[PDB]
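Participant: I'd like to ask some things about the structure below.
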Ligand SMILES: Nc1ncnc2c1ncn2[C@@H]1O[C@H](COP(=O)(O)OP(=O)(O)O)[C@@H](O)[C@H]1O
Ligand SMILES: Nc1ncnc2c1ncn2[C@@H]1O[C@H](COP(=O)(O)OP(=O)(O)O)[C@@H](O)[C@H]1O
Ligand code: ICS
Ligand code: CLF
Ligand code: SF4
Ligand code: ALF
Ligand code: ALF
Ligand SMILES: [Fe+3]
Ligand SMILES: [Mg+2]
Ligand SMILES: [Mg+2]
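Residue numbers (the numbering used here), protein chains in the order written: chain A, 11 to 284; chain B, 11 to 284; chain C, 30 to 507; chain D, 5 to 526.
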């Protein structure tokens, strides 16, 4: 096994929380999963660890000098379901260079084992603004083999998904990484499912699942814990379980086919009104 | 005159659309307003230009060779209500450096006049993920003097606002930039008004306005234009006009006072439940 | 040697290139034609270098720190960024200066921030502030500080301007931030421009409200002379003997004080137009100081330039110029009588940077040599317009020449002497052609004035007529 | 004025009376220079203990470092392969500086290319630059292999070398079978020796990682030799000579000796003999791999031990007597070849020279600096000679190397007055040689300024410099010297003893003052 996936999408579309809930659903299923947060803000592994992870790779390397002096134990922590959680460090906003930090953190993880273990899934939660190659690092040769893009009915999410596919193309051509499918996070747009399925078809990919917009996730996140852990009986927990099952059983992996601005505009005009 | 404001906030919170609607309302008030998009995604001026303008600074500098062979009229355009729109170019996701592109665009605009006009307002719409010093360029010494943060009831949004205030602290100590206030674009959280009010009080700033979540904004954005142009008699248009009047009459410019992680956790554990 | 032969050689050399590279490189090779001063003569310059072709151009950091700012003595110049950039640039240029190095002169030393991973990831503004504090602590007698940026500084958006402003206000020191990131521009020329802009913005206007300086009707400033081997001193002795009072030297054996005193002079004698025309024009537009170009390479050019300079003042200066020319005439007459027979009719090809490929032609002609080919690394079209009137008919002009192009041109033309930099010296010595370093004067000099013309003639004779060139071929071969 | 018969260059031209007067007038009129008394006071202060403590309290400012960036070492490693072009993906100024540095050290042509990434490539990435540069370089200079390094600009923005090269091959810019090994060499990590390590690891992984199925250790009955960052051609020459004299089959990987010593015969050879692709491909079949410089070949050692399954011996650099003995004994153990009588005679002659010069060498105090392995071997040889290496400096050293050198020093009675400094530059060393004055200092050309500084404090405080290391810019053809083995030990011994004797002869040349000790026989 040892399947490596990378979660991309528009900023604020919910890649982090959806990824954490999916990983928890895998953990309840007996899968050994490890999350890696490729974000300057260390908010991608809070739900599993029930707290903000202060032992980030880049910050601990800065405290101890060079990342070579670091060790995996000082930064690798376990959480709900035995899910190992690693977080890349990052500067405070508006200073430094976070992409270089993500590159260094991923290289440090690759050298000091981490991936070479009995994990079944390795997830890379990436930020919504991939502004440099440092945040495309999880899409390099021996890294995440599947890419899941979290989208929504709002037009801006569609355009962000198209842009991210444009960026993915250059790594998919030169490597084995493929776009596994689109994940739809509901935002109460009019024709959500129609727009998402049409955009997936135009991109040449599929919609893995439709995660509804429910207020339970806010309550679960306020408690610093996953929805499946907060309310296993809830409907959203069932939706996350179904999303996990569909993700595990996904076999469609294609090179994205990006569409220009005019094609997206006409698709949105046809599928987004009334 | 010659006021200068920047727009920051959590990614996907609605900085671009709120900025465009504010600008349209100000232009309806007979003001002369300029907007600069500091996002590699050239989407900050669409609703005014009614099109995804391809005359971004960076790609046209590429077409013209060096930045030294670039002319202001080549990349500067007018939109609805006489609003001047300039877009900073950027690479496709996962390659290059967008912070450098923002630096180059801002420096080019400063060198070739641009703001040396009679314009009342200059807005800087910045991306959600401020990961380097390039995206804090609008916050330098002779740039935007007041910063508005668009947020919502989600705690990742308020953590993003706290981090952005942490970033603003350094540029406010070394300059004259100040935090004008917090704009709230509702995402139908349970206790949204109280939560954002408490966050503003903790940060030492104020609630400048509240923007209800209305699908009229999405419908207008499908038609490549703002709510003011789509429906001048809509209630959302009235709210945007009220927000524009508030920012015109705003006078509380305060250095941010960032809070710790535990303080934020208590803030939404007391103000986010029930 | 005819036009058609040179054009055929150009096409034959370009034949090896790919289509895009050939199409670009065809525009940078030309055959000289006098009475034609424009960019129409199939020669364009100041363009992007074609990737992977072994260019000789440097970076904007080299053009700012290594050229314009580095020779300033009583100033500490900090290579802000990773180590290496300032290590290769350390003491590689021969901008001569007088001073006690390490206490009141810092030209030879190498100050850097030595960026690590954490400096890139978390920024280096606080490190820059601490560095400035340590510089002030350990080197009290410094009269200023400049911060020369490198590539990561410009990429990660470090605010060196704010740090410079705050630390200068706190310590009452002049701190000049230079945004000379290497990837900026296409060559050292943008470094020249950025350095001139920094001079104008942070140093030039310091003495604007000060009138304590005693002006003289004979105040001149030497602009664009960096004292390579003592060239600025050789020019200055002539100018001061002929009657003027050289207030400033830009920027060789020069201090920050004379840079600030330059706005008080009557005339600006510009030697390197390419690197300093920006500040010359700025001073002309702001303080109304006329600027004129001059050439001090060889007796003919230096006599003509001295007369042209003296024409700008009263008749006493012209009389003194006549006396100084008469005094120095027999010396260069003896030099030419000694060395011209040994060097008559020899053909020279040159490839230097922005000014010297056309300025040294007069000195070579005064020795009986003909320059049958010349080229620039980073010159603009005004430099080529000036060059086209100085260079011979049907002679090769090259812009940003590649290693392959230069090798093929030298193989076909078969010159007697080549004047270029360190990166071609051993290439062309291997092929058996005498080589002269025209950047550092092969660790000799000066070459300005008559005192420099003597050394120039001696070095040309020494290299051209060395017996080693007669022994390249082993006797048991043909 | 110039006499036509006797032409004076800048020295001594500018010591003339007219030049002296003009310079004095200029300084007094327009320089605003501090009074000479203030300058003398400040200098005397700079040569003190209080200034030394202030200088050693530095944490952000680096003055006169002794190290370069990784792509320089990557280029040096790439130059050691047959018909290989070094290709630095990034900005052209870096490549210009690398070529100037190596040209000034070796006085040889140095070929390296860049894709000339600019502001546009900085913003949009340099993949188009990679494609165009690879195609242009292959078309023009016709190499058999292009080895790609990186500039700090490309490392910051995270340019993917693998993806860019794969896209260049897949779009037809270069043949799919053409070898383009790559290495990421960030200039803000390590130093030039780290770049050498990274480049060699990249080339080895390019040629060996996929074809590991059919390889058997010891098949070709050879020993792989990895020399690391080396700038003395005599070192390669002596290693090859010693192995050949011993009748040992060897494969010296990354051999730049031929390309850096091309004959001048009227023809320019851009490529000379180097390590072939067949040698690199057959390297896993060797009996074992020996690392000449194990303190900057950590990544290479890890790759060789993990992939090729070679048990790399724990050998020091073969510098001096003891370590050359261990190197030869280990090579004999690995290959089964007895050590010949020629090497025994050479060792005996080295011992004889040591015995002859011990009286002059004994007790001398040396400051020294350089790369980790070179510094370690020099300290070992100095302890063998009976000298005292008082100041040991290594800018690009680490805690483990410092511990190793401290253990070496503690094993000898001559290491009692020795201190090892890591992360210190040559301003620190200038303070040290002013405070704790040694007899000599062994280092590159950058030490000459330090010597000048000492001479300003007085002729009795001057610390002469012995030019051993990299780079050496103010002397000619010193790169042909040998440092490794018995031959290198003899050369270093001769240099040290004759430097001591030159200094003693200079100090006793004053007639009627000190010439009573101007001995003809020494
Ligand atoms: N399906 C959903 N329904 C309602 N709210 C959601 C949903 N998914 C995420 N959220 C909200 O989004 C917030 C976190 O956003 P975040 O995960 O940082 O966005 P992204 O990861 O998409 O950039 C949480 O507070 C949560 O309440
Ligand atoms: N007040 C609002 N009412 C309804 N929808 C909104 C509102 N504000 C934003 N949106 C939706 O959210 C999306 C925000 O996208 P954008 O403005 O690009 O976010 P940001 O610029 O903050 O990353 C838009 O597609 C818009 O349809
Ligand atoms: S400054 Fe320029 S490349 Fe005008 S960067 Fe270069 S010491 Fe050259 S032809 Mo080295 S434009 Fe000076 C020059 Fe000329 S360093 Fe010197 S010789 S007269
Ligand atoms: S084009 Fe110019 S010289 Fe090059 S880096 Fe850029 S400013 Fe500098 Fe610097 S440390 Fe080494 S030499 Fe470079 S790879 Fe970076
Ligand atoms: S855009 Fe990426 S590479 Fe460029 S400065 Fe920001 S984090 Fe660094
Ligand atoms: F997951 Al984010 F901004 F924190 F897109
Ligand atoms: F997602 Al944005 F500006 F378009 F933060
Ligand atoms: Fe040589
Ligand atoms: Mg997230
Ligand atoms: Mg936006």
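We put the beta carbon where it would ideally sit given N, CA and C, even for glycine.
1. I want to verify the contact list: residues of chain D whose CB lies under 7 Å from the CB of residue 267 of chain A, in sequence order.
2. How far does the alpha helix (DSSP H) with residue 177 of chain A in it extend, from its first residue to its last?
3. Just the chain C side, please: which residues come within less than 8 Å of residue 107 of chain D by C-beta, in chain order?
4. Is the beta carbon of residue 228 of chain A within less than 8 Å of some heavy atom of ligand 2?
5. Once you ignore the five residues that flank residue 56 of chain C on each side, which residues in its own chain have a CB closer than 7 Å to its CB?
6. To the nearest angstrom, report how far apart residue 501 of chain C and residue 237 of chain D are at their CA atoms.
7. Counting only runs that start and end within the region 219 to 281 of chain C, where is the alpha helix (DSSP H) found for 4 or more residues in a row?
8. In chain B, which residues lie with their C-beta within 8 Å of the C-beta of residue 199 of chain A?
9. Can you tell me whether DSSP reads residue 70 of chain D as helix, strand or coil?
10. For the candidate residues D:504, D:5, D:489, D:450, whose alpha-carbon lies nearest to that of residue 270 of chain C?
11. Ignore the nearest five residues each way along the sequence and tell me which others in residue 63 of chain C's own chain have a CB closer than 7 Å to its CB.
12. Relative to the alpha-carbon of residue 248 of chain A, which residue among A:265, A:227, A:172 has its alpha-carbon at the smallest distance?
13. Which two residues bound the contiguous alpha helix (DSSP H) that contains residue 28 of chain A?
14. Grab the span of the alpha helix (DSSP H) containing residue 30 of chain D for me, first residue to last.
15. Excluding the five sequence neighbours on either side, which residues of its own chain have a C-beta within less than 8 Å of the C-beta of residue 237 of chain C, listed in chain order?
16. For a cutoff of 9 Å on Cβ pairs, would you count residue 160 of chain D as touching chain A?
17. Helix, strand or coil for residue 13 of chain A, going by three-state DSSP, please let me know.
18. Helix, strand or coil: which one does DSSP assign to residue 105 of chain D?
19. Could you work out which residue in A:82, A:165, A:225 is closest to residue 19 of chain A when comparing CA atoms only?
20. When Cβ atoms are compared, which residues of the region 140 to 154 of chain B fall closer than 8 Å to chain C?
21. Can you pull out the residues from the region 115 to 149 of chain D whose beta carbon lies closer than 9 Å to at least one beta carbon of chain B?
22. Distance check for residue 108 of chain D and residue 477 of chain D, CA to CA, integer angstroms please.
23. Starting from residue 110 of chain A, find everything on chain D with Cβ-Cβ shorter than 9 Å and list it in chain order.
24. So what does residue 177 of chain C bridge to, in DSSP terms?
25. Have a look at residue 116 of chain B and residue 86 of chain A and give me their C-alpha separation to the nearest angstrom.
26. Between the region 247 to 260 of chain C and the region 114 to 130 of chain C, do at least 3 Cβ pairs fall closer than 8 Å?
27. Would you call the region 97 to 107 of chain D in contact with the region 122 to 133 of chain D, where contact means no fewer than 3 C-beta pairs closer than 8 Å?
28. Leaving aside the five residues before and after residue 186 of chain A along the sequence, list all residues of the same chain whose C-beta is less than 7 Å from its C-beta, in chain order.
29. Taking residue 185 of chain A as the query, report the chain D residues whose CB atoms sit under 9 Å from its CB, ordered along the chain.
30. Quick test of your reading: residue 80 of chain A and residue 74 of chain A, contact by CB under 8 Å. State the CB separation rounded to the nearest angstrom.
31. For a minimum of 3 consecutive residues, which ranges assigned as the beta strand (DSSP E) are wholly contained in the region 64 to 105 of chain B?
32. Who are the Cβ neighbours of residue 265 of chain A in its own chain at under 6 Å, not counting the five residues just before and after it?
33. By Cβ distance, which residues of its chain are closer than 6 Å to residue 206 of chain C, with the 5 residues on each side in sequence left out?
34. Check whether the Cβ of residue 135 of chain B lies closer than 8 Å to any heavy atom of ligand 2, and answer yes or no.
35. Can you tell me whether residue 345 of chain D is buried or exposed? The criterion is at least 16 other CB atoms within 10 Å of its CB, across all chains shown.
36. For residue 77 of chain D, collect the residues of the same chain with a Cβ closer than 6 Å to its Cβ; drop the 5 residues on either side in sequence, then sort them by chain order.
Facilitator: Quick look at the numbers:
1. Looking up residue 267 of chain A in the first chain gives position 257. Result: empty, since nearest Cβ-Cβ is about 18 Å, beyond 7 Å.
2. Residue 177 of chain A sits at position 167 when you count from the first residue of the first chain. Its alpha helix (DSSP H) spans residues 165 to 184.
3. For this step, residue 107 of chain D is matched to residue 103 along the fourth chain. The contacting residues are 451, 452, 454, 455.
4. Locating residue 228 of chain A in the first chain gives position 218, counting from the first residue. Exclusion of residue 228 of chain A from the 8 Å shell around ligand 2 follows from its C-beta lying no nearer than that to any non-hydrogen atom of the ligand.
5. One-based indexing of the third chain puts residue 56 of chain C at position 27. Hits under 7 Å: 71, 73.
6. Taking the third chain and counting its residues from 1, one reaches residue 501 of chain C at position 472. Taking the fourth chain and counting its residues from 1, one reaches residue 237 of chain D at position 233. Distance between the alpha carbons of residue 501 of chain C and residue 237 of chain D is about 23 Å.
7. 260 to 270
8. Position 189 of the first chain, counted from the first residue, corresponds to residue 199 of chain A. Those are 225, 228, listed as they occur along chain B.
9. As a working note, residue 70 of chain D is residue 66 in the fourth chain. The answer is coil: DSSP assigns residue 70 of chain D none of H, G, I, E or B.
10. Position 241 of the third chain, counting from 1, holds the residue named residue 270 of chain C. For the set D:504, D:5, D:489, D:450, the Cα lying nearest the Cα of residue 270 of chain C is the one of D:5.
11. Taking the third chain and counting its residues from 1, the one referred to as residue 63 of chain C is at position 34. Answer for residue 63 of chain C: 417, 418, 422, listed in chain order.
12. Reading the first chain from its first residue, position 238 is the one you call residue 248 of chain A. Nearest of A:265, A:227, A:172 to residue 248 of chain A, Cα basis: A:227.
13. If you number the first chain from 1, residue 28 of chain A lands on position 18. 25 to 38 is the span of the alpha helix (DSSP H), which, as asked, contains residue 28 of chain A.
14. Within the fourth chain, numbered from 1, the residue matching residue 30 of chain D stands at position 26. Taken as a continuous stretch (DSSP letters only), the alpha helix (DSSP H) holding residue 30 of chain D covers 21 to 34.
15. As a first step, residue 237 of chain C must be located in the third chain, where it is residue number 208. Excluding positions up to five away in sequence, the list reads 292.
16. Position 156 of the fourth chain, counted from the start, is the residue given in the question as residue 160 of chain D. Chain A contact via Cβ: present.
17. Counting from 1 along the first chain, the entry for residue 13 of chain A is found at position 3. Strand, per DSSP.
18. Counted from its first residue, the fourth chain places residue 105 of chain D at position 101. Reduced to three states, the DSSP call for residue 105 of chain D is helix.
19. Start at 1 with the first residue of the first chain, and residue 19 of chain A comes out as number 9. Selected option, being the one with the closest Cα: A:165.
20. 142, 143, 144, 145, 146, 147, 150, 151
21. 122, 123, 124, 125, 126, 127, 128, 129, 130, 131
22. Position 473 of the fourth chain, counted from the first residue, corresponds to residue 477 of chain D. Position 104 of the fourth chain, counted from the first residue, corresponds to residue 108 of chain D. Residue 477 of chain D and residue 108 of chain D: Cα-Cα distance of roughly 6 Å.
23. By 1-based counting over the first chain, the position of residue 110 of chain A is 100. Those within 9 Å of residue 110 of chain A in chain D are 159, 160, 161, 162, 190, 192.
24. Residue mapping note: residue 177 of chain C aligns to position 148 of the third chain, counting from 1. Paired residue(s): C:108, C:207.
25. Along the second chain, read from residue 1 onward, the residue named residue 116 of chain B stands at position 106. Along the first chain, read from residue 1 onward, the residue named residue 86 of chain A stands at position 76. Cα-Cα distance, rounded: 40 Å.
26. The answer is yes - the region 114 to 130 of chain C touches the region 247 to 260 of chain C, with three or more Cβ pairs under 8 Å.
27. no
28. Stepping through the first chain from its first residue, residue 186 of chain A is reached at position 176. Excluding sequence neighbours, residue 186 of chain A sits near 155.
29. Here residue 185 of chain A corresponds to residue number 175 of the first chain, with the count starting at 1. Correct list: 166, 167, 170.
30. For the purposes of this step, residue 80 of chain A is identified with residue 70 of the first chain, where counting begins at 1. For the purposes of this step, residue 74 of chain A is identified with residue 64 of the first chain, where counting begins at 1. The Cβ separation is near 6 Å, so the contact holds.
31. 94 to 97
32. In the first chain, residue 265 of chain A corresponds to position 255, counting from 1. Cβ neighbours of residue 265 of chain A beyond the five flanking positions: 182.
33. The residue labelled residue 206 of chain C in the question sits at position 177 within the third chain. Here the set comprises 176, 189, 190, 193.
34. Here residue 135 of chain B refers to the residue found at position 125 when the second chain is read from its first residue. Because some heavy atom of ligand 2 lies under 8 Å away, the Cβ of residue 135 of chain B counts as near it: yes.
35. Sequence index remark: in the fourth chain, residue 345 of chain D carries index 341 (1-based). Answer is exposed; the Cβ neighbour count stays below 16.
36. As a position in the fourth chain, residue 77 of chain D is number 73, starting the count at 1. Within the same chain, residue 77 of chain D has close Cβ partners 196, 197, 199, 200, 233.
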